[PDB]
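S.K.: Experimental structure and its sequence below.
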Amino acid sequence: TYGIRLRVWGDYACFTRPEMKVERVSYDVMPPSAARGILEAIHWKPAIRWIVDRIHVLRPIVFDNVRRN
RNA sequence: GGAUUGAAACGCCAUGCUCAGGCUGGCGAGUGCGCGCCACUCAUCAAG
């Protein structure tokens, strides 16, 4: 009818919380800003503006620790 | 084609387990013990 349905998946993800940005702590789920970014990575033009309706979480929320220089 | 608290981001440089120390000194398989007691090769069949 209208709108889009795009499935995205991956082994790793980090949607850093703004208040724990140095020692990164990720959100439990992708925020709408991340969804916007992913959608624009496929197609975007200045004439058009993305709006995110919903996010579906299909896998359990699992965390992990990685340290980098 | 402006922005995915994003875009950029080595754990990295290097460091003998080494120097050495008999498994040795010595200890009869040994003392002894009938294979032995008996038993027909034998009853026959020209040489051509």
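M.R.: Sure, I can see it. Numbers count the residues shown, from 1 in each chain, chains lettered A, B, ... in the order given.
S.K.: how near is whichever residue of chain A sits closest to RNA strand B to residue A:62?
M.R.: Across chain A, no residue is closer to RNA strand B than residue A:37, which sits at 1.8 Å (Cβ to the nearest atom of the strand). All C-beta spots, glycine's among them, are computed from the backbone N, C-alpha and C. Residue A:37 sits 22 Å away from residue A:62, taking Cβ to Cβ, to the nearest Å as the criterion.
S.K.: So for those two, which residue has more residues nearby?
M.R.: Shown here are residue A:37 and residue A:62; by other Cβ atoms under 10 Å, residue A:37 has more neighbours (14 against 5).
S.K.: and the more buried one, that's in a strand?
M.R.: No. Going by DSSP: H, G, I helix; E, B strand; the rest coil, the assignment for residue A:37 is helix, not a strand.
S.K.: What is the burial count for the closest residue to residue A:28 other than its chain neighbours?
M.R.: Counting by Cβ to Cβ, 6 or more residues apart in numbering, residue A:28 lies nearest to residue A:61, which is 5.0 Å off, once chain neighbours are set aside. Neighbourhood size, residue A:61 [other Cβ under 10 Å]: 9.
S.K.: Over to the one 5 residues further on?
M.R.: Residues near residue A:66, counting by other Cβ under 10 Å, number 7.
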